[PDB]
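First up is the structure itself, then whatever we jot down about it.
Here, each number is a calculation from the coordinates, and none is a lab measurement. No Cβ is skipped: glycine too gets one built from the backbone with ideal geometry, and neighbour counts run over all protein chains shown.
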Amino acid sequence: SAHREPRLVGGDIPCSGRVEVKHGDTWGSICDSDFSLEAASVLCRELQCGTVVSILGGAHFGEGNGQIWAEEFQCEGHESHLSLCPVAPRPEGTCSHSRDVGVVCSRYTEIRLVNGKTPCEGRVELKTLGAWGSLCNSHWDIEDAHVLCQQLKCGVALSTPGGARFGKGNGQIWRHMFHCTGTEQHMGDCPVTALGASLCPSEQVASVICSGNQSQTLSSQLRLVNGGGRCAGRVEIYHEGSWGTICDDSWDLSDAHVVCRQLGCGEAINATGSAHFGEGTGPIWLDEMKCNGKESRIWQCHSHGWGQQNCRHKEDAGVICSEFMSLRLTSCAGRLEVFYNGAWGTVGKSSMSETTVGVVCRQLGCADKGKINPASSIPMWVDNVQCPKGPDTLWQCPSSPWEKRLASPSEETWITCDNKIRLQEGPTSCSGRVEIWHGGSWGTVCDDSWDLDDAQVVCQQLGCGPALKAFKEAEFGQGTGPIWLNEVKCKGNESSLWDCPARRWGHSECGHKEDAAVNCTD
Amino acid sequence: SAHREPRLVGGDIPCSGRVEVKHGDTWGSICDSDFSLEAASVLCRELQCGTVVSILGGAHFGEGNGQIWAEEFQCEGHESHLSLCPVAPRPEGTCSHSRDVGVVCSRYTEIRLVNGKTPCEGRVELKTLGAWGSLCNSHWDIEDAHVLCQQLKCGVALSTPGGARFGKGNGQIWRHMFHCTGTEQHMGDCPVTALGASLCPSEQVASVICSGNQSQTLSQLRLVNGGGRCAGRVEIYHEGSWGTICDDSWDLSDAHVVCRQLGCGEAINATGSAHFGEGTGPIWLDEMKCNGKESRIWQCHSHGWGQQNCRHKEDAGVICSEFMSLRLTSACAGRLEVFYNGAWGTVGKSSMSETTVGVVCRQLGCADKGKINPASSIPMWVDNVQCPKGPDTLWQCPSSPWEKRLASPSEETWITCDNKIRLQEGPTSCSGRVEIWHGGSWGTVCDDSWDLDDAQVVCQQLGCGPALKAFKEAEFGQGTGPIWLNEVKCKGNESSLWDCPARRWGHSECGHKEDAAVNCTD
Amino acid sequence: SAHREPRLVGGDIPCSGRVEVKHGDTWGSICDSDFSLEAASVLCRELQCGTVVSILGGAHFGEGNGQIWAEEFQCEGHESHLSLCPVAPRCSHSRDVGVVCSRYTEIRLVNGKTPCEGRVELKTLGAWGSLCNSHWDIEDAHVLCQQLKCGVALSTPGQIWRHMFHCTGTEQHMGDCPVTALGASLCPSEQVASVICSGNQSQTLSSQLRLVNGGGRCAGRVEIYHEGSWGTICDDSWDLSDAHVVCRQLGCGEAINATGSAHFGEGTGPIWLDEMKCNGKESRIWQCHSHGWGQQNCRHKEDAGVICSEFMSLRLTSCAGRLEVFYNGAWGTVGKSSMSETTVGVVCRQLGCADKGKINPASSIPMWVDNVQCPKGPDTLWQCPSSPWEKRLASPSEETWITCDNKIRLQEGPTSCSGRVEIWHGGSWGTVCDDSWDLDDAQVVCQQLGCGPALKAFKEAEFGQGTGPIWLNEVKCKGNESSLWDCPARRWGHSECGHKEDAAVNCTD
Ligand SMILES: *[C@@H]1O[C@H](CO)[C@@H](O)[C@H](O)[C@H]1NC(C)=O
Ligand SMILES: *[C@@H]1O[C@H](CO)[C@@H](O)[C@H](O)[C@H]1NC(C)=O
Ligand SMILES: *[C@@H]1O[C@H](CO)[C@@H](O)[C@H](O)[C@H]1NC(C)=O
Ligand SMILES: *[C@@H]1O[C@H](CO)[C@@H](O)[C@H](O)[C@H]1NC(C)=O
Ligand SMILES: *[C@@H]1O[C@H](CO)[C@@H](O)[C@H](O)[C@H]1NC(C)=O
Ligand SMILES: *[C@@H]1O[C@H](CO)[C@@H](O)[C@H](O)[C@H]1NC(C)=O
Ligand SMILES: [Ca+2]
Ligand SMILES: [Ca+2]
Ligand SMILES: [Ca+2]
Ligand SMILES: [Ca+2]
Ligand SMILES: [Ca+2]
Ligand SMILES: [Ca+2]
Ligand SMILES: [Ca+2]
Ligand SMILES: [Ca+2]
Ligand SMILES: [Ca+2]
Ligand SMILES: [Ca+2]
Ligand SMILES: [Ca+2]
Ligand SMILES: [Ca+2]
Ligand SMILES: [Ca+2]
Ligand SMILES: [Ca+2]
Ligand SMILES: [Ca+2]
Ligand SMILES: [Ca+2]
Ligand SMILES: [Ca+2]
């Protein structure tokens, strides 16, 4: 089990850091060319860190002091430990410490229990932005308490005592709204939403009293599907052990209100129909929902009965709730716009750190970093957004509460995301190995079917001049992270490498020794 | 079997009338908005009435007294009885008795045996036009007698005695020419031709004597895809399959025998090279050297029972003298022209009732009714055409014998068929639910992708000006019959709804709750 | 055994001749239609003549006086004798059958104090000659001693035949050994091949690298053997030194290409070696500096193959065009001088398109080989003795242009592209049975013949009875096959069709 024991060091959040693997007894770094997405997934799984968010090569969390291992992990991605992974050691030189690999996993939450008589109950205390703080009890349900107790290994939660029972706590209140269903064993797996979360009374601090028996386990259904979020999508209901849809007959805002308040998504904005979020694959359970908009559950409405319908899947009902938040850039480059409460709105530029811009760019899936620009008219929704390290979406980023207020264009935020594609380890900026950003991490392109047309499309994507050479076999050096593309069958005139046909987004049989490079004109 | 026992009432012909289905023990009608073509087909099949001809909603056969059932028959179409179909009842009332559904089935013949000691023997009598007439043996073969006996549940026939053995006949003599093959169960399944049939001797009347034993049971050749009974690809049946001729050395002499076998007289054209389509099925007849005098296709110098050596693209077809075709010349408004004996000619206007014009319009497939117009150079074949109820083709209609003669311009038949498209349940004639006529019954257009281009096409096809609003989800009520069109992708400039791309003429997953509608300028 | 005792007579080379199966006491020929590929294979095996090369019909080796047998041999193929095969008793002497087996070598020992010892002599082109020891290794001596029933070899001390025998030592006969005599260099008169065999028949030999999917002997993906499984070599740092090592190890001269990226197809086996650091001087590939057995970070998409100096390929460039031979990594022409009809037939058959061809005048590329003299029996040009390889410039007058008759043909037809369909396979002109012979089959046949689309697909022997055997029946052509050989059907025998069921085609004029 300690054959290749991984660990994360150099990170300021629990499940991110420079990857160090212990070969028996010596802790040593890993070059980013020897650590694929599958190996990072195995590393995050073994450390109980959840799913891999990003592979950060080039010593993102600082260079390690010691020795660099020369083994390329050929993990299949389903392994439980890094010891079970097959590796391909190389006798020759390995790498430089300026290219150590770092991995960001998804369990960054760092929530604990403080000021309790028995070690595992008390005031819930959360750490974001480098400072501990009390969580608000407005959205601290018993399911969140159950997940927290399971994470701290004390079984289930007895109660969430409201008020300052365990103490108000010396610090500020964190407004994060954990949306745990109770079925997950870590608060980092829960969908948390801290953007614009409403202010909290000082004395309304969340707490929890766990059962304390580890052997004690939780014992026992509506969901929204294909909505591009959490509070929108096709209304899917569960009955007779099957996920079924609701026909959009007489499906109005009252029905949407009921399903949105049942899911904890606030009121509703749209009661969509005609399969707005895609046709479902399952029996239609309800046909004519006659909810008054006041009851707390959808099944307790005046429907036609389970399975009693005259509808098809082409008209499955779906909803868009008030708590449905969306993000976009309009002119990636343009004005940052957040879609909350059914209305698009700009984001305040105040306290917009580099981390927040990077989070926005990663969320939009077009860069790892970005920069704020002056304006090149809609009101401002949120302001003072402060993204910590670890969230790949803006909605987990604490900020001032939502306020529908008018904003001058000067103090809104315009950001230009960095290039999707970069050239690394080259003498100039127009030559080197092709790197592309997708899926949270920088990756490479393999040299299979890497002719000069692919070099042409890469050069015209970076803005460089015409392509000169399309190198193969990692001429400029082995790359970082996963191999996103191989067999790119470009015609040489595409607007970007993404439109070019290829075996896309991982699963390429190529290694990092076959990294594709280009030589553009200065 | 009595759970849903259908019956047809209010019809002058045997196999048509208002649809009444016994829901256990109470007789009640069915609304026309919850009776598709599959349910009508099951109804016709169960009642031993052949295939369904047309679904006539709106109390075509009369107002049904009693109760209306709100059960939407979800019949697949192949059920033996209506009791075996899925049922999707709705709690609310469906419609009034003014929208009772009616169904016309194929077996309208009403043929019987009269003036016999035993019920399985006597003079053949037939009922068309409300008159019990005595069929005569001009074309009454032994296959017709066998089918008549089998229909009457009397096993097989013995002989067809000539003269007035069972009586001359108390009334007038029908000239119908049944072309039974001896295998179909009912005389209504036989292809009958009574148009222009030759005058028949008064003392020669068809009579049949059967075996009288229900246990008795009987122990081929056909023309396919020719637009009639006496044209199309020649098909020979043996070894349980139907096969076509290779066309090689397929002369008019080889066509004379195949035409005289079916009773279609002499042969006009001996076609080939898939002239009537690509005939799927093994080819087992090649190098036909028929001399013409013989009366069987298999009696020729056949190369062998399976010496295919050919392709379905070289399939043999024939055109016979008794092949009949109909058209309107001036789309489907103009002079009535009938194609007999290889020439086109007019049709006499004398005794041309509304039923005959409706039959012509249905057969040409462009309306359910029509109207006689004044004249607005070819001879006249047939005159005094009298269509009864039940036939959808003009060739099953008794008429004066084919008399090639010159006729004045003031006595032929000019008809203008009704519009293929209509708007129902609207305040004005240019607003309401769009209904189209196809396949014998008035269906509706579903609302899937029913935009204003569709409404523009419909409004310009009706006859009035531009559209105002293309309605959705049965704004003016659920329509009658099937749903012919859905997902109509009109460009907005098509002259008629039939030019727009669509999922046309059935197999549409829509329901009558999704009936498209329009609003046109008055 | 003597129930059906076969023999080959009327052949110049040892293991070829007209088939004459003996019915106990009387020898009698066989009609060409009553003898299939499996029967010929069993015949070749029984007479210790190795595998069958071709079945020659129409009295290729003359007509044998006697009684022709009407029996039909339903040999499965693996029978050790013609007696053991099932027989189906029920022709003319002009249709007698002959077979050419693969052990045509006729190599012997002369001038020795013992019958199992002496100088090696070989007989090709009808003249006994002294094979010499330019490439006479100890494996060839072992194979010769085993063939002569002399045990194993001990040491190797008319005109001179320059044949190169590439025996591995495990071959029971010289005909089984791969032999290359095309363009072999001259050889000193005093330097000839000899062998002293042990003379102990009870004595036996005792105990790998290979190239596969190369279309020859000295090219293809490098397969190395380890731990009981044949594995590949990754092409990482697989430069020309590694190819030199694996080519000189296999006796294939120097190397022209060290191919990678699975040029000769992706192997199916564990990649054994990854980073070959051969200096080009060691005699074995495993003696190179590598990452070690099994240590590799490669896939099968990058298997390492080579193309060696002795790799030879044959092509015709316009199956008609100038004859070209690919030796030493460079394509080149073949000399027209002394181009006998046998050599043209061998060339046409090796191109896989005929059994005969006509020498034609030309309608630049330097010349490799000249004075090529193919004997009877080889089916490849590489085994035909000739003048040595020489890189020289030639005018198109002395170049070789050959127009071979393609395997598909139509015969007894009013036009060129009408008649019964006949194919060529195994040295005999067969006919296709009209089982499921539809217009798709005729389309394929007409497209292969090079004329317009088919008009009719006749049956029932429309254009007369075909000669020879029947190779094809129940051909399921889809109408778009380039050649009739790509159509999925039971091919080259195992057909009960008679000549009355010969298929025919009618194409456009
Ligand atoms: C939601 O409703 C608003 C207000 O009626 C409308 O503007 C918007 O287009 C709707 N969006 C969807 C997806 O239905
Ligand atoms: C890229 O092209 C430039 C322009 O010819 C050349 O000077 C440079 O050496 C090239 N780089 C490589 C790595 O070949
Ligand atoms: C049929 O034959 C007649 C002549 O008898 C000719 O006028 C007509 O065009 C023919 N029609 C076809 C379809 O061959
Ligand atoms: C059609 O449109 C006009 C004008 O918009 C409206 O007055 C009329 O009521 C509409 N027709 C129907 C049936 O509603
Ligand atoms: C072999 O090497 C020569 C030398 O450049 C080259 O021209 C040829 O294309 C190569 N062939 C293969 C199959 O690699
Ligand atoms: C080939 O077909 C054409 C037309 O189908 C015919 O005229 C010709 O005689 C045929 N050739 C034969 C049968 O050899
Ligand atoms: Ca919560
Ligand atoms: Ca609906
Ligand atoms: Ca509702
Ligand atoms: Ca409904
Ligand atoms: Ca590669
Ligand atoms: Ca490419
Ligand atoms: Ca009849
Ligand atoms: Ca034929
Ligand atoms: Ca023909
Ligand atoms: Ca004929
Ligand atoms: Ca719809
Ligand atoms: Ca449309
Ligand atoms: Ca040798
Ligand atoms: Ca490689
Ligand atoms: Ca090397
Ligand atoms: Ca390697
Ligand atoms: Ca075929």
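Checking the structure you have, find out if any residue of the stretch A:39-51 is assigned to a helix (DSSP H, G or I), within 14 Å of chain C (Cβ to nearest Cβ) and either among the aliphatic types (A, V, I, L, M) or in contact with a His (Cβ under 7 Å, 6 or more places away or on another chain) (or both). Break it down into steps so the answer makes sense when it comes.
Residues of the stretch A:39-51 that are assigned to a helix (DSSP H, G or I), as a first pass: A:39-46.
Those still in the list that are within 14 Å of chain C (Cβ to nearest Cβ) too: A:39.
Those still in the list that are either among the aliphatic types (A, V, I, L, M) or in contact with a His (Cβ under 7 Å, 6 or more places away or on another chain) (or both) too: A:39.
The answer is yes, given that some residue of the stretch A:39-51 is assigned to a helix (DSSP H, G or I), within 14 Å of chain C (Cβ to nearest Cβ) and either among the aliphatic types (A, V, I, L, M) or in contact with a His (Cβ under 7 Å, 6 or more places away or on another chain) (or both).
Counting the residues of the stretch A:486-510 that are surrounded by fewer than 21 Cβ atoms within 10 Å (Cβ to Cβ), of a type outside the set (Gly, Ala, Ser) and more than 14 Å from every other protein chain (Cβ to nearest Cβ) gives 9.
Each row is one residue, and each column tells you yes or no for (1) more than 30 Å from A:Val347 (Cβ to Cβ); (2) in contact with an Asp or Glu (Cβ under 7 Å, 6 or more places away or on another chain).
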site	(1), (2)
A:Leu113	yes, yes
A:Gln151	yes, no
A:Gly169	no, yes
A:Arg175	no, no
A:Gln185	yes, no
A:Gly188	no, no
A:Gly196	no, no
A:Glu203	yes, no
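Of the strands (runs of 3 or more DSSP E) lying entirely inside the stretch C:388-442, none contains at least 1 residues that are within 16 Å of ligand 20 (Cβ to nearest atom).
Out of all the residues in the stretch C:201-219, is one or more farther than 22 Å from C:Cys116 by Cα and over 29 Å from the mean Cα position of the chain (by Cα)?
Applying the first criterion (farther than 22 Å from C:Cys116 by Cα) to the stretch C:201-219 yields C:207-219.
In the following step, the residues that additionally are over 29 Å from the mean Cα position of the chain (by Cα) were identified as none.
Within the stretch C:201-219, none of the residues are farther than 22 Å from C:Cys116 by Cα and over 29 Å from the mean Cα position of the chain (by Cα).
Here the stretch B:125-179 is the region considered, the condition is being among the aliphatic types (A, V, I, L, M) and over 26 Å from the mean Cα position of the chain (by Cα), and the residue that is surrounded by the most Cβ atoms within 10 Å (Cβ to Cβ) is B:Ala157.
Filtering the stretch A:66-88 to residues that are more than 14 Å from A:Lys22 (Cβ to Cβ), within 14 Å of chain C (Cβ to nearest Cβ) and of a type in the set (D, E, K, R) leaves only A:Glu72.
The strands (runs of 3 or more DSSP E) found entirely in the stretch C:103-192 that carry 3 or more residues being touching a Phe, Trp or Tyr at 6+ places or on another chain (Cβ under 7 Å) are C:117-124.
Filter the stretch C:426-437 for residues that are crowded, with 20+ Cβ neighbours inside 10 Å and either within 15 Å of C:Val97 (Cα to Cα) or within 14 Å of chain B (Cβ to nearest Cβ) (or both); which is farthest from ligand 3 (Cβ to nearest atom)?
Here is the first cut: in the stretch C:426-437, the ones crowded, with 20+ Cβ neighbours inside 10 Å are C:426-434, C:437.
If we keep only those that are either within 15 Å of C:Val97 (Cα to Cα) or within 14 Å of chain B (Cβ to nearest Cβ) (or both) too, we end up with C:426-430, C:433-434, C:437.
Working: C:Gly426: 52, C:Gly427: 53, C:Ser428: 50, C:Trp429: 45, C:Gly430: 44, C:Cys433: 38, C:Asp434: 33, C:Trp437: 31 Å.
So the residue we want is C:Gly427.
Take the conditions crowded, with 21+ Cβ neighbours inside 10 Å, hydrophobic (A, V, I, L, M, F, W, C), in contact with a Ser or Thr (Cβ under 7 Å, 6 or more places away or on another chain) and under 12 Å from B:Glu71 (Cβ atoms) and apply them to B:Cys44. Does it pass? So B:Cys44 does not fit the description; no.
Would you confirm, using the coordinates I've provided, whether C:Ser283 is more than 14 Å from chain A (Cβ to nearest Cβ), touching a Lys or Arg at 6+ places or on another chain (Cβ under 8 Å) and closer than 30 Å to C:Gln383 by Cα? Spell out the reasoning first.
Numbers: more than 14 Å from chain A (Cβ to nearest Cβ): yes; touching a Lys or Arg at 6+ places or on another chain (Cβ under 8 Å): yes; closer than 30 Å to C:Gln383 by Cα: yes.
So C:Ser283 passes the test.
The single condition among (1) closer than 20 Å to B:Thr271 by Cβ; (2) out of contact with any helix residue (DSSP H, G or I) (no Cβ under 6 Å at 6 or more places or on another chain); (3) buried (at least 18 other Cβ atoms within 10 Å of the Cβ) that B:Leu328 does not satisfy is (1).
Can you spot a residue in the stretch B:431-446 that is under 28 Å from B:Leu364 (Cβ atoms), under 30 Å from the mean Cα position of the chain (by Cα), of a type in the set (D, E, K, R) and within 16 Å of ligand 17 (Cβ to nearest atom)? So far as the stretch B:431-446 goes, yes, one or more of its residues are under 28 Å from B:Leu364 (Cβ atoms), under 30 Å from the mean Cα position of the chain (by Cα), of a type in the set (D, E, K, R) and within 16 Å of ligand 17 (Cβ to nearest atom). Applying the criterion of being of a type in the set (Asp, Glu) and assigned to a loop (DSSP other than H, G, I, E, B) to the residues of the stretch B:300-357, the residue that is farthest from ligand 1 (Cβ to nearest atom) is B:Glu322. All conditions in (1) surrounded by 15 or more Cβ atoms within 10 Å (Cβ to Cβ); (2) closer than 24 Å to C:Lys456 by Cα; (3) more than 16 Å from ligand 14 (Cβ to nearest atom) hold for B:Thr280, with the sole exception of (1). Only residues that are among the small types (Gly, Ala, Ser), under 13 Å from B:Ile297 (Cα atoms) and touching a strand residue (DSSP E or B) at 6+ places or on another chain (Cβ under 6 Å): list them for the stretch B:227-269, please. Of everything in the stretch B:227-269, those that are among the small types (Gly, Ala, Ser), under 13 Å from B:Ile297 (Cα atoms) and touching a strand residue (DSSP E or B) at 6+ places or on another chain (Cβ under 6 Å) turn out to be B:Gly243, B:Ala255.
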